[PDB]
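In: got the complex split up, this is the first portion:
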Amino acid sequence: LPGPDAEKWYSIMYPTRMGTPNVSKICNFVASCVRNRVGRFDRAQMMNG
Amino acid sequence: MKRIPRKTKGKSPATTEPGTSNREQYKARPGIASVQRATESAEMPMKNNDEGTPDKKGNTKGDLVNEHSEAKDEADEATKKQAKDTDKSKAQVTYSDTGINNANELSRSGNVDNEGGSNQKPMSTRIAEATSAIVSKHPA
């Protein structure tokens, strides 16, 4: 993300990136999820460079 | 044998035979000096176009200019150089403003990285931010 303090956005964007060491309610939700649907998964590159 | 220095920085009886005298007077045409000067320019290797490639740390070298706008600027530089070699204010041979209509022409620049994204933020900076929101600290 462009702009100042982009550090905070990485947590909000990808809920499934967090580790799950705890049995909290939040951690239980993350544990029961698929681990491959995150970030970019398709592109259309026509020109090199 | 002696060491050869590097070029770049790295990781760390009578004896007078009859047919010897020199009385010849020949002036070559074309002259040696004139030809020698010309051939030195042709010897020169081509310029290294490294713009758009990554660097030691992985950031892409070059300035942040639009892909198409970069091509037009380079053409104008060529025409200005062409006039200087010909010692004229204006050059007969121009690489810009020709009758041809190149508008899809592209040239490499520092605006685009290797993934097809934008280089508004350096690639190293992106990595540091992404890994930063993972850290944890000792409990109080």
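Out: Looks like it came in fine. Numbering: from 1, shown residues only, chains lettered A, B, ... in the order given.
In: when you work out contacts or count neighbours from here on, use the C-alpha atoms and nothing else.
Out: OK.
In: setting aside sequence neighbours, what's the nearest residue to the residue in chain A that chain B sits nearest to?
Out: Scanning chain A for the residue nearest chain B gives residue A:7, at 5.4 Å (criterion: Cα to the nearest Cα). Distances taken as Cα to Cα, 6 or more residues apart in numbering or on different chains put residue B:129 closest to residue A:7, at 5.4 Å, once the chain neighbours are dropped.
In: what is the burial count for residue 19?
Out: Defaulting to chain A. The number of residues packed near residue A:19 is 11, by other Cα atoms under 10 Å in any protein chain shown.
In: that's the wrong chain, I meant chain B
Out: Residue B:19, neighbours per other Cα under 10 Å, totals 6.
In: residue B:56 now?
Out: Residue B:56: 7 neighbours (other Cα under 10 Å).
In: one more chain, chain C:
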Amino acid sequence: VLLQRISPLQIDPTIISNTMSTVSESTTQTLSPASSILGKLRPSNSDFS
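Out: So that you can see how it sits with the rest, here is chain C on the chains above:
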């Protein structure tokens, strides 16, 4: 430049002027075809890059 220094050809624009052989100093109009073509060619210029 290299081709220029090794070629036995010489560009001599005065051949055109001599062939035309038209002076007509301060002609009352340039409609004389000899003057028009000479003006277009400009044999005085010596740049042949």
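In: re-run the earlier check on the neighbour count of residue B:56 with chain C in the model.
Out: Residues near residue B:56, counting by other Cα under 10 Å, number 7.
In: likewise for residue A:28?
Out: 13.
In: same question for residue B:139.
Out: Burial of residue B:139 is recorded as 4 neighbouring residues (other Cα under 10 Å).
In: ranges for the helices of chain C?
Out: C:2-6, C:14-20, C:33-41 (DSSP state H).
In: closest one to residue B:60 among those helices?
Out: Residue B:60 lies closest to helix C:2-6 among the helices of chain C, at 38.2 Å (Cα to Cα).
In: got the buried residues for the closest one?
Out: Using 16 or more other Cα atoms under 10 Å in any protein chain shown as the test for burial, helix C:2-6 gives residue C:5.
In: can that helix be said to contact chain B?
Out: Yes - against chain B, helix C:2-6 shows contacts by Cα under 8 Å from any Cα of the partner chain at C:2, C:5-6.
In: next up, chain D:
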Amino acid sequence: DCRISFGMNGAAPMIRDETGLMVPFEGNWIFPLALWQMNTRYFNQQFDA
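Out: Time to bring in chain D:
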């Protein structure tokens, strides 16, 4: 998925096995290195003793 639950009223803490069982903090375990990297701070507090 290695969520850790604290024990109550003297009960031992337990961690989640791959099959889904909860086991106490003893015996022989097999850990991929990625697990400790994800939960380096949390695991140190709970396991070192």
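In: same question on the neighbour count of residue B:139, but now with chain D added
Out: By the criterion of other Cα under 10 Å, residue B:139 has 7 neighbours.
In: measure it to chain C for me?
Out: Distance, residue B:139 to chain C, by Cα to the nearest Cα, to the nearest Å: 77 Å.
In: same thing with residue B:135?
Out: Distance check for residue B:135 against chain C: by Cα to the nearest Cα, it reads 65 Å.
In: residue A:44 now?
Out: Counting by Cα to the nearest Cα, the gap from residue A:44 to chain C is 46 Å.
In: how about residue B:33?
Out: Residue B:33 sits 11 Å away from chain C, going by Cα to the nearest Cα.
In: residues from chain D in reach of chain A?
Out: Going by Cα under 8 Å from any Cα, the residues of chain D near chain A are D:1-5, D:38-39, D:42.
In: from those residues, pick the one nearest residue B:21.
Out: Closest approach between the residues of chain D next to chain A and residue B:21, by Cα to Cα: residue D:38, at 89.9 Å.
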